[PDB]
>>> print(open('query_18.cif').read())   # mmCIF, C-alpha atoms
data_query
#
loop_
_atom_site.label_atom_id
_atom_site.label_comp_id
_atom_site.auth_asym_id
_atom_site.auth_seq_id
_atom_site.Cartn_x
_atom_site.Cartn_y
_atom_site.Cartn_z
CA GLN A 12 111.28 132.04 51.90
CA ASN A 13 109.75 129.60 49.42
CA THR A 14 111.88 128.28 46.61
CA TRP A 15 111.97 125.55 43.93
CA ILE A 16 113.72 122.21 43.47
CA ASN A 17 113.82 121.74 39.66
CA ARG A 18 111.68 124.75 38.79
CA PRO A 19 109.23 123.93 35.93
CA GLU A 20 108.83 125.86 32.69
CA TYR A 21 105.22 126.76 33.47
CA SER A 22 103.71 127.50 36.88
CA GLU A 23 101.73 129.94 39.04
CA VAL A 24 102.48 131.06 42.57
CA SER A 25 99.82 133.05 44.43
CA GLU A 26 99.43 133.77 48.14
CA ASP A 27 97.08 130.83 48.60
CA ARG A 28 97.38 128.79 45.40
CA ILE A 29 100.19 126.99 43.57
CA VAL A 30 100.03 125.48 40.10
CA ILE A 31 102.79 123.22 38.81
CA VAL A 32 102.86 122.12 35.17
CA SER A 33 105.35 119.29 34.80
CA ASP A 34 108.19 119.29 32.29
CA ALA A 35 108.90 116.23 30.13
CA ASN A 36 110.05 113.01 31.81
CA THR A 37 110.31 114.34 35.35
CA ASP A 38 110.55 112.01 38.36
CA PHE A 39 112.05 111.07 41.74
CA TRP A 40 113.69 107.67 42.23
CA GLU A 41 116.95 106.29 43.54
CA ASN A 42 118.56 103.01 42.36
CA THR A 43 116.23 100.31 43.73
CA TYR A 44 115.34 97.75 41.05
CA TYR A 45 115.10 100.16 38.08
CA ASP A 46 118.81 101.00 38.34
CA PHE A 47 118.50 104.68 37.50
CA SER A 48 118.70 107.84 39.56
CA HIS A 49 116.01 110.41 38.79
CA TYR A 50 115.95 113.77 40.58
CA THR A 51 114.03 115.93 38.11
CA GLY A 52 110.64 116.21 39.78
CA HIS A 53 109.18 119.63 40.59
CA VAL A 54 108.84 120.82 44.19
CA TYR A 55 107.80 124.18 45.56
CA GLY A 56 108.25 124.88 49.24
CA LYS A 57 110.74 125.97 51.88
CA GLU A 58 113.43 124.74 54.23
CA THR A 59 112.75 124.44 57.93
CA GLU A 60 114.79 123.10 60.82
CA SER A 61 111.93 122.62 63.26
CA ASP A 62 109.08 120.16 63.70
CA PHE A 63 105.99 120.82 61.63
CA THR A 64 102.70 119.61 60.21
CA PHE A 65 102.14 120.27 56.51
CA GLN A 66 98.76 119.90 54.83
CA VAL A 67 97.59 120.60 51.28
CA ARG A 68 94.66 119.97 48.95
CA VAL A 69 95.69 118.58 45.55
CA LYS A 70 93.79 118.88 42.26
CA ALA A 71 95.57 117.38 39.24
CA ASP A 72 94.49 115.85 35.91
CA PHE A 73 96.17 112.43 36.04
CA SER A 74 96.26 110.54 32.74
CA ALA A 75 99.66 109.29 31.61
CA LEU A 76 101.45 106.37 33.21
CA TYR A 77 103.28 107.30 36.42
CA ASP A 78 101.77 110.78 36.72
CA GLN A 79 102.43 111.97 40.27
CA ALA A 80 101.21 114.83 42.44
CA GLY A 81 101.43 115.27 46.19
CA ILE A 82 104.05 116.29 48.73
CA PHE A 83 107.83 116.10 49.03
CA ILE A 84 110.29 116.25 51.93
CA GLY A 85 113.93 116.76 51.01
CA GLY A 86 117.22 116.35 52.84
CA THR A 87 119.73 115.71 50.07
CA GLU A 88 119.51 114.16 46.61
CA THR A 89 119.87 110.73 48.21
CA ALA A 90 117.77 111.45 51.31
CA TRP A 91 114.16 112.44 50.69
CA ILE A 92 110.53 111.34 50.82
CA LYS A 93 107.63 111.78 48.40
CA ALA A 94 103.97 110.77 48.69
CA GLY A 95 100.69 111.20 46.83
CA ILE A 96 98.68 109.77 43.94
CA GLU A 97 100.31 107.93 41.05
CA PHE A 98 98.57 106.81 37.87
CA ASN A 99 99.19 103.27 36.62
CA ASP A 100 97.30 100.84 34.35
CA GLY A 101 94.35 103.21 34.63
CA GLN A 102 93.46 102.84 38.28
CA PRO A 103 94.93 105.55 40.58
CA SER A 104 97.03 104.54 43.60
CA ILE A 105 98.04 106.28 46.82
CA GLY A 106 101.58 105.63 47.92
CA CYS A 107 104.85 106.83 49.29
CA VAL A 108 108.57 106.53 48.62
CA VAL A 109 111.16 106.90 51.38
CA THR A 110 114.67 107.33 50.02
CA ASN A 111 117.59 106.83 52.35
CA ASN A 112 120.40 106.29 49.83
CA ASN A 113 117.94 103.85 48.22
CA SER A 114 114.25 104.21 47.43
CA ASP A 115 111.78 102.15 49.43
CA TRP A 116 108.28 102.43 48.07
CA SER A 117 104.88 101.32 49.19
CA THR A 118 101.65 101.65 47.27
CA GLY A 119 97.99 100.74 47.47
CA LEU A 120 94.37 101.46 46.65
CA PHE A 121 93.07 105.02 46.63
CA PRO A 122 89.29 105.16 47.25
CA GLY A 123 88.58 108.89 46.96
CA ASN A 124 88.44 111.29 44.01
CA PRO A 125 91.85 111.15 42.28
CA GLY A 126 91.40 114.75 41.16
CA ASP A 127 90.73 116.21 44.61
CA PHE A 128 92.41 114.91 47.76
CA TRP A 129 94.41 116.03 50.79
CA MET A 130 97.89 115.18 52.10
CA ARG A 131 99.29 115.68 55.59
CA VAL A 132 102.87 115.28 56.76
CA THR A 133 103.89 115.50 60.40
CA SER A 134 107.55 115.72 61.30
CA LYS A 135 108.23 115.83 65.02
CA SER A 136 111.53 114.64 66.44
CA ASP A 137 112.98 112.24 63.87
CA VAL A 138 109.60 110.76 63.01
CA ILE A 139 107.66 111.27 59.79
CA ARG A 140 103.95 110.42 59.71
CA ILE A 141 102.22 110.67 56.34
CA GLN A 142 98.44 110.62 55.98
CA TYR A 143 95.94 111.39 53.25
CA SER A 144 92.27 112.29 53.09
CA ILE A 145 89.51 111.98 50.52
CA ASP A 146 87.06 114.26 52.27
CA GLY A 147 89.23 116.64 54.28
CA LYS A 148 87.83 115.13 57.49
CA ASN A 149 89.32 111.64 57.85
CA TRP A 150 93.08 111.14 57.69
CA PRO A 151 94.12 107.50 57.31
CA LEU A 152 97.79 106.65 57.85
CA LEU A 153 99.90 106.04 54.78
CA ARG A 154 103.47 105.76 56.07
CA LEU A 155 105.31 106.04 59.41
CA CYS A 156 109.13 106.03 59.45
CA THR A 157 112.09 107.97 60.82
CA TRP A 158 113.64 110.84 58.83
CA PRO A 159 116.67 109.75 56.70
CA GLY A 160 118.09 113.25 56.35
CA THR A 161 119.49 115.87 58.73
CA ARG A 162 118.19 118.96 60.53
CA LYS A 163 117.27 120.95 57.43
CA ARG A 164 114.14 119.52 55.83
CA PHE A 165 112.64 120.98 52.65
CA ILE A 166 108.84 120.67 52.80
CA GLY A 167 106.56 121.38 49.85
CA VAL A 168 104.17 120.43 47.07
CA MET A 169 105.26 118.18 44.21
CA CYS A 170 104.32 117.17 40.64
CA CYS A 171 105.86 114.53 38.27
CA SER A 172 105.50 113.42 34.64
CA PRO A 173 107.77 110.37 34.19
CA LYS A 174 106.33 109.42 30.79
CA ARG A 175 104.74 112.68 29.63
CA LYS A 176 104.70 116.45 29.94
CA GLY A 177 102.05 118.91 31.08
CA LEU A 178 100.48 117.34 34.16
CA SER A 179 98.91 120.40 35.79
CA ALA A 180 98.57 120.24 39.56
CA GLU A 181 96.80 122.84 41.70
CA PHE A 182 97.66 123.10 45.41
CA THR A 183 95.38 125.03 47.76
CA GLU A 184 94.54 125.21 51.47
CA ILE A 185 98.26 124.97 52.17
CA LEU A 186 99.10 125.00 55.83
CA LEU A 187 102.59 124.63 57.27
CA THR A 188 102.64 124.74 61.07
CA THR A 189 103.69 123.29 64.43
CA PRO A 190 102.86 119.59 64.67
CA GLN B 12 116.21 72.77 57.48
CA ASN B 13 113.24 74.72 58.81
CA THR B 14 113.46 76.30 62.22
CA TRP B 15 111.71 78.85 64.47
CA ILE B 16 112.33 82.45 65.54
CA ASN B 17 110.51 82.73 68.90
CA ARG B 18 108.86 79.31 68.80
CA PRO B 19 105.23 79.48 70.11
CA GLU B 20 103.73 77.34 72.87
CA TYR B 21 101.19 75.79 70.50
CA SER B 22 101.67 74.94 66.83
CA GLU B 23 101.49 72.27 64.11
CA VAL B 24 104.04 71.50 61.43
CA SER B 25 103.04 69.11 58.63
CA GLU B 26 104.61 68.53 55.22
CA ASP B 27 102.24 70.96 53.55
CA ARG B 28 100.57 72.85 56.40
CA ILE B 29 101.74 75.08 59.25
CA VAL B 30 99.65 76.35 62.15
CA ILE B 31 100.94 79.04 64.48
CA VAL B 32 99.05 79.94 67.64
CA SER B 33 100.45 83.19 69.02
CA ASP B 34 101.69 83.63 72.57
CA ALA B 35 100.66 86.66 74.65
CA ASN B 36 101.80 90.12 73.55
CA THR B 37 103.97 89.06 70.64
CA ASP B 38 105.15 91.54 68.00
CA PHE B 39 107.86 92.93 65.70
CA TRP B 40 108.81 96.60 65.87
CA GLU B 41 111.95 98.67 66.20
CA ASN B 42 112.12 102.14 67.83
CA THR B 43 110.23 104.39 65.39
CA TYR B 44 107.69 106.58 67.19
CA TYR B 45 106.55 104.03 69.80
CA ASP B 46 110.02 103.96 71.39
CA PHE B 47 110.09 100.25 72.17
CA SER B 48 111.87 97.30 70.61
CA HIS B 49 109.71 94.21 70.14
CA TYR B 50 111.18 91.00 68.71
CA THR B 51 108.79 88.38 70.07
CA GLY B 52 106.73 87.51 67.01
CA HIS B 53 106.56 83.92 65.77
CA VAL B 54 108.21 82.87 62.51
CA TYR B 55 108.64 79.44 60.99
CA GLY B 56 110.92 79.04 58.01
CA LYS B 57 114.53 78.60 56.93
CA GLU B 58 117.70 80.46 56.09
CA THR B 59 118.82 80.80 52.50
CA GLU B 60 121.69 82.67 50.86
CA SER B 61 120.30 82.69 47.33
CA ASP B 62 117.58 84.56 45.46
CA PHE B 63 114.08 83.19 45.84
CA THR B 64 110.34 83.64 45.47
CA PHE B 65 108.23 82.70 48.48
CA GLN B 66 104.46 82.31 48.33
CA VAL B 67 101.92 81.21 50.92
CA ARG B 68 98.17 81.12 51.54
CA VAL B 69 97.15 82.51 54.94
CA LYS B 70 94.02 81.67 56.95
CA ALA B 71 93.81 83.34 60.36
CA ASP B 72 90.99 84.45 62.69
CA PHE B 73 91.81 88.14 63.21
CA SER B 74 89.93 89.84 66.05
CA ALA B 75 92.06 91.69 68.60
CA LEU B 76 93.78 94.98 67.90
CA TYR B 77 97.06 94.59 65.99
CA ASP B 78 96.60 90.90 65.20
CA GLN B 79 99.09 90.05 62.45
CA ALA B 80 99.65 87.12 60.11
CA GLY B 81 101.71 86.93 56.94
CA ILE B 82 105.37 86.58 56.02
CA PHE B 83 108.72 87.53 57.55
CA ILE B 84 112.23 88.03 56.17
CA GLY B 85 115.01 88.21 58.75
CA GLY B 86 118.62 89.35 58.68
CA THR B 87 119.32 90.34 62.27
CA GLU B 88 117.17 91.64 65.13
CA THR B 89 117.56 95.15 63.72
CA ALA B 90 117.38 94.18 60.03
CA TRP B 91 114.19 92.46 58.91
CA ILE B 92 110.93 92.83 57.02
CA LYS B 93 107.38 91.70 57.77
CA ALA B 94 104.18 91.97 55.73
CA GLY B 95 100.57 90.79 55.82
CA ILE B 96 97.19 91.65 57.33
CA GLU B 97 96.84 93.62 60.55
CA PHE B 98 93.62 94.21 62.45
CA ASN B 99 92.85 97.73 63.67
CA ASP B 100 89.67 99.62 64.63
CA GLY B 101 87.74 96.72 63.11
CA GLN B 102 88.65 97.10 59.46
CA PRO B 103 91.53 94.86 58.28
CA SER B 104 94.57 96.42 56.58
CA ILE B 105 97.32 95.08 54.32
CA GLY B 106 100.75 96.48 55.01
CA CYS B 107 104.44 96.02 55.42
CA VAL B 108 107.24 97.03 57.77
CA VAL B 109 110.85 97.32 56.59
CA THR B 110 113.29 97.53 59.48
CA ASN B 111 116.81 98.72 58.80
CA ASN B 112 117.90 99.68 62.32
CA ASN B 113 114.55 101.49 62.44
CA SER B 114 111.08 100.37 61.40
CA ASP B 115 109.50 102.00 58.35
CA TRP B 116 105.92 100.96 57.90
CA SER B 117 103.32 101.42 55.24
CA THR B 118 99.71 100.35 55.40
CA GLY B 119 96.49 100.52 53.44
CA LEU B 120 93.13 99.06 52.47
CA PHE B 121 92.72 95.31 52.05
CA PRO B 122 89.81 94.46 49.72
CA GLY B 123 89.81 90.65 49.82
CA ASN B 124 88.75 88.12 52.47
CA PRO B 125 90.82 88.85 55.61
CA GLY B 126 90.62 85.18 56.56
CA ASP B 127 91.99 83.79 53.28
CA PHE B 128 94.66 85.57 51.25
CA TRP B 129 98.05 85.02 49.61
CA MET B 130 101.48 86.62 50.07
CA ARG B 131 104.44 86.58 47.70
CA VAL B 132 107.98 87.74 48.35
CA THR B 133 110.63 87.92 45.66
CA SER B 134 114.23 88.47 46.62
CA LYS B 135 116.62 88.69 43.68
CA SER B 136 119.88 90.59 43.94
CA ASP B 137 119.42 93.10 46.77
CA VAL B 138 115.82 93.83 45.84
CA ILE B 139 112.73 92.78 47.77
CA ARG B 140 109.35 92.86 46.03
CA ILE B 141 106.31 92.11 48.18
CA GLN B 142 102.89 91.39 46.69
CA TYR B 143 99.60 89.99 47.94
CA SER B 144 96.56 88.37 46.37
CA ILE B 145 92.91 87.99 47.30
CA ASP B 146 92.10 85.36 44.72
CA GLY B 147 95.38 83.56 44.11
CA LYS B 148 95.42 84.93 40.54
CA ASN B 149 96.16 88.66 40.76
CA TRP B 150 99.22 89.89 42.66
CA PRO B 151 99.20 93.65 43.30
CA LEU B 152 102.43 95.24 44.53
CA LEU B 153 102.66 96.09 48.21
CA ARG B 154 106.27 97.14 48.76
CA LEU B 155 109.49 97.41 46.72
CA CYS B 156 112.78 98.18 48.49
CA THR B 157 116.36 96.94 48.80
CA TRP B 158 117.31 94.34 51.44
CA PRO B 159 118.67 95.90 54.69
CA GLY B 160 120.42 92.74 55.85
CA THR B 161 123.27 90.58 54.57
CA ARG B 162 123.64 87.39 52.52
CA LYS B 163 121.77 85.10 54.91
CA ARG B 164 118.03 85.79 54.75
CA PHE B 165 115.53 83.90 56.91
CA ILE B 166 112.28 83.46 54.95
CA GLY B 167 109.07 82.15 56.49
CA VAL B 168 105.51 82.46 57.74
CA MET B 169 104.63 84.74 60.66
CA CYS B 170 101.92 85.36 63.29
CA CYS B 171 101.59 88.13 65.97
CA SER B 172 99.33 88.96 68.92
CA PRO B 173 100.46 92.37 70.25
CA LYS B 174 97.41 92.84 72.50
CA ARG B 175 96.15 89.27 72.92
CA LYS B 176 97.01 85.60 72.83
CA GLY B 177 95.78 82.72 70.69
CA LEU B 178 95.59 84.09 67.16
CA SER B 179 95.63 80.88 65.14
CA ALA B 180 97.10 81.16 61.65
CA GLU B 181 97.12 78.37 59.07
CA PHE B 182 99.67 78.47 56.24
CA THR B 183 99.22 76.25 53.18
CA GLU B 184 100.31 76.10 49.54
CA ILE B 185 103.77 77.11 50.69
CA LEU B 186 106.25 77.44 47.87
CA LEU B 187 109.84 78.57 48.25
CA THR B 188 111.72 78.66 44.94
CA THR B 189 113.93 80.46 42.42
CA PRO B 190 112.60 83.93 41.62
#
>>> encode(input="query_18.cif", output="structure tokens")
Amino acid sequence: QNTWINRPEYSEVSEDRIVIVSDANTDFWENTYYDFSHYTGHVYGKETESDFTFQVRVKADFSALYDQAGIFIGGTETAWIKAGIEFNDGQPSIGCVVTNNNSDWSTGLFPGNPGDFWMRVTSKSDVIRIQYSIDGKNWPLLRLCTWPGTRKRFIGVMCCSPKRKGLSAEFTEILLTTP
Amino acid sequence: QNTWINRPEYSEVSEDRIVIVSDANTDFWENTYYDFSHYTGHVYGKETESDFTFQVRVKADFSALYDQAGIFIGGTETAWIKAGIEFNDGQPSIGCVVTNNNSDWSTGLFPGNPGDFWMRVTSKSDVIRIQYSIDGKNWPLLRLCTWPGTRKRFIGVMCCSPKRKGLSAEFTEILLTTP
């Protein structure tokens, strides 16, 4: 059954729609460079011990620095992966952070509509393939690595407000299935 | 003193210019997904045990699938990092691969001129910050992680031809210095 990691004050959970409103100063980051350990981001999903392909359509109102919305894959508090859009110096970026004791993040240009995009995560064997889409048809690769956690993987939708509060993210067309 | 990792058949080494012509089927990759271990890419540089900032201007004639040219940071054969342009399905991408026993790669859109760009690597403490530039003035972030190797880091220019032979890459404006 679906459950939360840092359940937010405000939210909505329907059969085919999930809304996460971030709490103040929420984020996910481990040590690397910044020297702090944040594990306060919001994630709604479920644990699974089998391979899978997760896909979701994200609609959030990015505005404050470091606003994040996308997907999350958890193992432990020091073994997880997050990916999606992140606001910074205006322009929106698409990136990913793989944390295996330490956070390793990559980022880059996001061409689509920052307020309406798709995310896809495929986890078969010990491999993690993360892709995104701006039209729901084309899925460019974002990150390809090997899972840093164990058997149990927590897969779900995520939302972060490192410098603010209230980022509202709507998740629809959610589909968790065999790879 | 400067030395090679998989010295190529053809090359040129001047005081302020380095040309690497790739040998057939050369590449850098460790296990993840593809299930093969490649350590045949060409790298010209030097070992250092102190923090540094490396910068270089790259001019290569990308054409065959997976053609790569950029920078490399080595620790061991299972602990290294590479970053730069990579040709694929025509369009050129800017990406990075961090290998800590297993390769973890990120990729994305490259807006500049694929045949003339800059790379910058900063290694202070145990942090690695990789940036690129399309005009030699602006340096967007590409990857930020913590070094997977030890004290001795091999920093230098790199060139790969996974599916061909002959990719000629020219490296100029090389500058290795304190961060």
>>> residues_around(input="query_18.cif", residues="region 75-77 of chain A", least_positions_apart="2", cutoff="6 Å", atoms="only C-alpha atoms", output="MDAnalysis selection string")
chainID A and resid 97:99 173
>>> residues_around(input="query_18.cif", residues="residue 187 (chain A)", least_positions_apart="6", cutoff="9 Å", atoms="only C-alpha atoms", output="ChimeraX atom specification")
/A:63-67,166
>>> atom_distance(input="query_18.cif", atom1="CA of residue 80 (chain B)", atom2="CA of residue 168 (chain B)")
7.9 Å
>>> resolve_selection(input="query_18.cif", expression="the PyMOL selection byres ((chain A) within 8 of (chain B))", output="VMD selection string")
chain A and resid 43 to 44 113 to 120 138 152 to 157
>>> resolve_selection(input="query_18.cif", expression="the PyMOL selection byres ((chain B and resi 14) around 8)", output="count of residues only")
7
>>> residues_around(input="query_18.cif", residues="residue 145 (chain A)", least_positions_apart="3", cutoff="10 Å", atoms="all atoms listed in the file", output="number ranges by chain")
A: 68, 121-130, 148-151
>>> closest_residue(input="query_18.cif", among="B:181, B:46, B:88, B:72", to="residue 30 (chain B)", atoms="all atoms listed in the file")
B:181
>>> axis_aligned_box(input="query_18.cif", around="region 13-20 of chain B", padding_each_side="3 Å", output="lines of an AutoDock Vina configuration file")
center_x = 108.6
center_y = 78.7
center_z = 65.8
size_x = 15.7
size_y = 14.0
size_z = 20.1
>>> resolve_selection(input="query_18.cif", expression="the PyMOL selection byres ((chain A and resi 183) around 8)", output="number ranges by chain")
A: 27-29, 67-69, 181-182, 184-185
>>> write_last_selection(input="query_18.cif", atoms="C-alpha atoms", output="PDB file, in the coordinates of the input")
ATOM      1  CA  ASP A  27      97.080 130.830  48.600  1.00  0.00           C
ATOM      2  CA  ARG A  28      97.380 128.790  45.400  1.00  0.00           C
ATOM      3  CA  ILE A  29     100.190 126.990  43.570  1.00  0.00           C
ATOM      4  CA  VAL A  67      97.590 120.600  51.280  1.00  0.00           C
ATOM      5  CA  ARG A  68      94.660 119.970  48.950  1.00  0.00           C
ATOM      6  CA  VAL A  69      95.690 118.580  45.550  1.00  0.00           C
ATOM      7  CA  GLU A 181      96.800 122.840  41.700  1.00  0.00           C
ATOM      8  CA  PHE A 182      97.660 123.100  45.410  1.00  0.00           C
ATOM      9  CA  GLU A 184      94.540 125.210  51.470  1.00  0.00           C
ATOM     10  CA  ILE A 185      98.260 124.970  52.170  1.00  0.00           C
TER      11      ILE A 185
END
>>> atom_distance(input="query_18.cif", atom1="CA of residue 52 (chain B)", atom2="CA of residue 78 (chain B)")
10.8 Å
>>> closest_residue(input="query_18.cif", among="A:35, A:71, A:82, A:90", to="residue 177 (chain A)", atoms="all atoms listed in the file")
A:35
>>> atom_distance(input="query_18.cif", atom1="CA of residue 50 (chain A)", atom2="CA of residue 36 (chain A)")
10.6 Å
>>> closest_residue(input="query_18.cif", among="B:86, B:159, B:100, B:47", to="residue 112 (chain A)", atoms="only C-alpha atoms")
B:159
>>> residues_near_point(input="query_18.cif", point="(103.5, 82.6, 65.4)", cutoff="9 Å", atoms="only C-alpha atoms", output="PyMOL selection string")
chain B and resi 16-19+21-22+30-34+37+52-55+80+168-172+178-180
>>> decode(input="query_18.cif", residues="region 119-146 of chain B", atoms="C-alpha atoms", output="compact mmCIF listing (two decimals), in the first residue's frame")
# COMPACT_ATOMS: atom_id res chain seq x y z
CA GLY B 119 21.72 16.09 -21.99
CA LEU B 120 21.38 18.77 -24.65
CA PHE B 121 24.44 20.66 -25.87
CA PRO B 122 23.52 24.09 -27.29
CA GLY B 123 26.90 25.39 -28.46
CA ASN B 124 29.16 24.51 -31.40
CA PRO B 125 29.98 20.78 -31.10
CA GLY B 126 33.31 21.41 -32.82
CA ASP B 127 34.52 24.13 -30.46
CA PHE B 128 33.74 24.14 -26.74
CA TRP B 129 35.39 24.39 -23.32
CA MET B 130 35.55 22.06 -20.31
CA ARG B 131 36.44 22.90 -16.71
CA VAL B 132 37.05 20.53 -13.83
CA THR B 133 37.56 21.69 -10.26
CA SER B 134 38.80 19.25 -7.67
CA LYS B 135 39.10 20.70 -4.18
CA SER B 136 38.88 18.50 -1.11
CA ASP B 137 36.98 15.38 -2.19
CA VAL B 138 34.61 17.32 -4.42
CA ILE B 139 34.55 17.29 -8.21
CA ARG B 140 32.70 20.07 -10.05
CA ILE B 141 32.44 19.73 -13.82
CA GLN B 142 31.33 22.60 -16.05
CA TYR B 143 31.37 23.36 -19.76
CA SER B 144 31.20 26.47 -21.91
CA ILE B 145 30.13 27.27 -25.45
CA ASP B 146 31.63 30.73 -25.57
